[PDB]
Structure formats: structure tokens, C-alpha cells
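One line per chain: the protein sequences are A, E and B, in this order. Numbers 116 to 125, 125A to 125C, 126 to 264, 264A, 265 to 272, taken from PDB author numbering, label the letters of the first sequence in order. Residue 219 is where the second sequence ends in PDB author numbering, and the numbering goes up by one at each step. Residue 117 is where the third sequence ends in PDB author numbering, and the numbering goes up by one at each step. Report on the structure given below.
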Amino acid sequence: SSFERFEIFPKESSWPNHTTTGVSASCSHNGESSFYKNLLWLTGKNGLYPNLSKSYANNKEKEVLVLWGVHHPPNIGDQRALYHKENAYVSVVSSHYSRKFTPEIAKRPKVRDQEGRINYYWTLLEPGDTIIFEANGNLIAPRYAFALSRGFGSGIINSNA
Amino acid sequence: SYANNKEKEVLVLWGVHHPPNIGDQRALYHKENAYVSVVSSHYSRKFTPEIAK
Amino acid sequence: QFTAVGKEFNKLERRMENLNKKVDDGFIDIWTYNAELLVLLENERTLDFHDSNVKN
Ligand SMILES: *[C@@H]1O[C@H](CO)[C@@H](O)[C@H](O)[C@H]1NC(C)=O
């Protein structure tokens, strides 16, 4: 019924000790490497991945849809090069959502010229609620959240008309 | 690792063993704490033995 | 009312998919049988109505 794409974590202020310039070849725009616009790939800056801690309190009088992801490097060498730690975690804590994600490093079949997948998770935040993101690696952090008010529960149509 | 090439769906079964006492685990697998990681493109789980009488 | 009769289920929720399919097929069966029988019976009633008008 009303959809608003807004900044939940502005890249300028939010992450001071992380490069947040990571790009991917599979996500290619005009021949240059690129990445998603609503998510930012975090990476260690100056050779370290400091313990992350972020909080967002909802005050939009609306439900807020938040997307994020967890990165699984293909080999242990990729994890060492990127996040500088063999074992990491991602804790997402809400009033009604709570999960811990652990990277699973494994050699996987090549799709889109990549060897290690990343998983995408989402959550809905109620008005007056707070969501906390913590990690020390493998976090594909949110950039833009989506404040929405649900309407008549419709569906989708696959068509070429 | 097993890569599917049968042009068909493949049903795979496995199991995880929980010894009754810590002595059984020590005798069998020689390690107090173990794990079982099953990783697929759409399936992913880690299992930890739970030893209890 | 406003409804969307299409649902999407993954590969670990086939009981739900078959329950939804059963609901859809049962509704289709009920509506088809009722509509066909109703049309037949009302056609008979309408022809009898015209016959009664002529006889009256
Ligand atoms: C960055 O590191 C400094 C100390 O070097 C610390 O005070 C600050 O909280 C860190 N920022 C984040 C976002 O972790």
C-alpha cells in the first residue's frame, strides 16, 4: 500500500574501519565489475576486520523489510585473504528474530564464474522495534531498507503480455 | 563429494550417531566432540552429537 | 471477494502443495458439477415455462 526505499545504513558514515568497495565480476554493469545496490559487501580495511556492531530502531510507523547476506568463500584461502579469520559469525538479533550464521567453506560447482555462494536472508521489523547486526566476517550488510505497508494479499503473474 | 549426472533427482540418506555415554564415543570415534557437515546448493546443515543416557 | 488462487511452495513442502491442489481441485469439481446440473435443470424449467405460457 505504500513503499519507500530508504537508507538504513549510509555507506559514508556507518562503516569507518571497512573498505566497503568490494565488487563482483558476475554482477557486471557496462563491462565493469559491480555489486548489488541495496547491499554492500564488507571487507577488512588496513588488513583487519574489526568486530562489527550496528543497531537500527524502527520509527517509521510502518513495517521495515531488511535484507542482508552471508558470504561463504570457496576455499579457506579466500576467507583468509578477505576476512583474515578462519572462523567467523553473523548474529542478527531482533525482538522476534534471532539467528547466528557460520560460514561453510566448500568447493562448489561453478555458476556465473564463481566458486563460493552467498546466502540471502530477510526480516520484517515492527514499528518501535530494534534490529542488531553483529559480525566479524562474511557479512553482506544492508544499504537500503524498505518501509512498506502490506495491502490486499495478492500474488504474481508470469506472463509475456 | 558426489555430483549428480543422472538427469534425475537423487534421494540420499544418511545418519548421525549419538553414543549413550562419553565412553562409547571415546571408544568409537576417539574424540569427545565431533561434527557432521552436509553441504548442498540448497541444503546445508551441521550436526553435533548429543550424548545422553 | 479479492483472491489470488496461486501459491508457491519449495521442494520440502509438498504436503502443503498437495493440500492446496486438493482444495483447488475440489472447488473446481464442485463448481463444475453444480454449474452443469444447474444449467440443465434451468433449461428444462425455462422450456416448461414457455410451454405453460402457451397453454395458458
Ligand atoms: C573503528 O575502530 C575504532 C578504533 O580504531 C573504534 O573506536 C570504532 O568503534 C570502530 N568502528 C566500528 C564501526 O567498528
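Every residue gets a Cβ at the ideal spot worked out from N, C-alpha and C, and that includes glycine.
(request) Report the neighbours of A/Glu216 on chain E: residues whose CB is nearer than 7 Å to its CB, in chain order. (result) In the first sequence, counting from the first residue as 1, residue 216 of chain A sits at position 104. Within 7 Å Cβ-Cβ: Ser203, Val205, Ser210.
(message) Can you tell me whether A/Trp127 sits near ligand 1, meaning its C-beta is under 7 Å from at least one heavy atom of the ligand?
(response) As a position in the first sequence, residue 127 of chain A is number 15, starting the count at 1. Yes, ligand 1 has a heavy atom inside 7 Å of this Cβ.
(request) Would you kindly work out how many angstroms separate the C-alpha atoms of E/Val176 and A/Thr214, rounded to a whole number? (result) Residue numbering aside, residue 176 of chain E sits at position 10 when the second sequence is read from its first letter. Residue numbering aside, residue 214 of chain A sits at position 102 when the first sequence is read from its first letter. In a straight line, the C-alpha of E/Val176 is about 27 Å away from that of A/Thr214.
(message) Are the CB atoms of A/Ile252 and A/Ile230 within a distance shorter than 8 Å?
(response) Walking along the first sequence from the start, residue 230 of chain A turns up at place 118. Walking along the first sequence from the start, residue 252 of chain A turns up at place 140. Contact: yes.
(request) With a threshold of 16 other CB atoms inside 10 Å of the CB of A/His183, please say whether the residue is buried or exposed. (result) In the first sequence, residue 183 of chain A corresponds to position 71, counting from 1. Its Cβ being crowded by 16 or more others within 10 Å, A/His183 is buried.
(message) Helix, strand or coil for A/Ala253? Go by DSSP, reduced to three states.
(response) Mapped onto the first sequence, residue 253 of chain A falls at position 141. Strand at A/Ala253.
(request) Following the continuous alpha helix (DSSP H) through A/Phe118, name the residue where it begins and the one where it ends. (result) Against the first sequence, residue 118 of chain A aligns to sequence position 3. From DSSP, A/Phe118 is part of no alpha helix (DSSP H) but of the beta strand (DSSP E) over 117 to 122.
(request) Report all residues from its chain with a CB closer than 7 Å to the CB of A/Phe121; omit the five preceding and five following residues, and keep chain order. (result) As a first step, residue 121 of chain A is located in the first sequence; it is residue number 6 there, counting from the start. For A/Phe121, where only same-chain residues beyond five positions count, the Cβ hits under 7 Å are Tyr256, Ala257, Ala259.
(message) Below 7 Å, is the gap between the Cβ of A/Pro221 and the nearest heavy atom of ligand 1?
(response) Residue mapping note: residue 221 of chain A aligns to position 109 of the first sequence, counting from 1. Answer for A/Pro221: no, Cβ out of range of ligand 1.
(request) Confirm the yes/no value for this check: CB of A/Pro254, any heavy atom of ligand 1, distance under 7 Å. (result) Stepping through the first sequence from its first residue, residue 254 of chain A is reached at position 142. Every heavy atom of ligand 1 is 7 Å or more from the Cβ of A/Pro254, so no.
(message) Within the continuous alpha helix (DSSP H) that includes B/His111, where are the two ends?
(response) Position 50 of the third sequence, counted from the first residue, corresponds to residue 111 of chain B. Unbroken alpha helix (DSSP H) run through B/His111: 75 to 116.
(message) I'd like the ranges of any alpha helix (DSSP H) spanning at least 4 consecutive residues and lying wholly in the stretch 146 to 201 of chain A.
(response) 188 to 195
(message) What would DSSP say about A/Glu125B, mapped onto helix, strand or coil?
(response) What you label residue 125B of chain A is simply residue 12 of the first sequence in a count that begins at 1. Helix at A/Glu125B.
(message) Following a CB-centred definition, is residue 93 of chain A positioned closer than 7 Å to any heavy atom of ligand 1?
(response) In the structure as shown, chain A begins at 116 and stops at 272. Residue 93 of chain A is therefore absent and cannot be evaluated.
(request) Below 8 Å CB to CB, which residues in the same chain sit around E/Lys219 once its five sequence neighbours on both sides are set aside? (result) Position 53 of the second sequence holds residue 219 of chain E. Cβ neighbours of E/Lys219 beyond the five flanking positions: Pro186, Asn187.
(request) Measure the Cβ-Cβ separation of A/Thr242 and A/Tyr195 and say whether it is below 8 Å. (result) On the first sequence, position 130 is the one that residue 242 of chain A refers to. On the first sequence, position 83 is the one that residue 195 of chain A refers to. No.
(request) Would you mind working out which of E/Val178, E/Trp180, E/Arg192 sits nearest E/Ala200, comparing C-alpha positions? (result) Position 34 of the second sequence, counting from 1, holds the residue named residue 200 of chain E. Out of E/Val178, E/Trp180, E/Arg192, E/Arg192 has the C-alpha closest to the C-alpha of E/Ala200.
(request) Under the assumption that A/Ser165 contacts A/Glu238 (Cβ atoms under 8 Å), give the Cβ distance between them as a whole number of angstroms. (result) One-based indexing of the first sequence puts residue 165 of chain A at position 53. One-based indexing of the first sequence puts residue 238 of chain A at position 126. Between A/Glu238 and A/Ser165 the Cβ distance is about 22 Å, and since that is not below 8 Å, they are no contact.
(message) Is A/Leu251 a contact residue of ligand 1, with contact defined as CB to any heavy atom under 7 Å?
(response) For the purposes of this step, residue 251 of chain A is identified with residue 139 of the first sequence, where counting begins at 1. No, ligand 1 has no heavy atom inside 7 Å of this Cβ.
(request) Could you tell me if the beta carbon of B/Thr93 falls within a distance shorter than 7 Å of some heavy atom in ligand 2? (result) As for ligand 2, it is missing from this structure, which binds only ligand 1.
(request) Indicate whether at least one CB of chain A lies closer than 8 Å to the CB of B/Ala65. (result) For this step, residue 65 of chain B is matched to residue 4 along the third sequence. Chain A contact via Cβ: present.
(message) Pull the bridge partners of A/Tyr232 from the DSSP assignment, please.
(response) Residue mapping note: residue 232 of chain A aligns to position 120 of the first sequence, counting from 1. DSSP output for A/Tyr232 lists A/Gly181 as bridge partner(s).
(request) Give the DSSP-derived three-state secondary structure of A/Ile244 in the structure shown. (result) The residue you call residue 244 of chain A lines up with position 132 of the first sequence. Strand, per DSSP.
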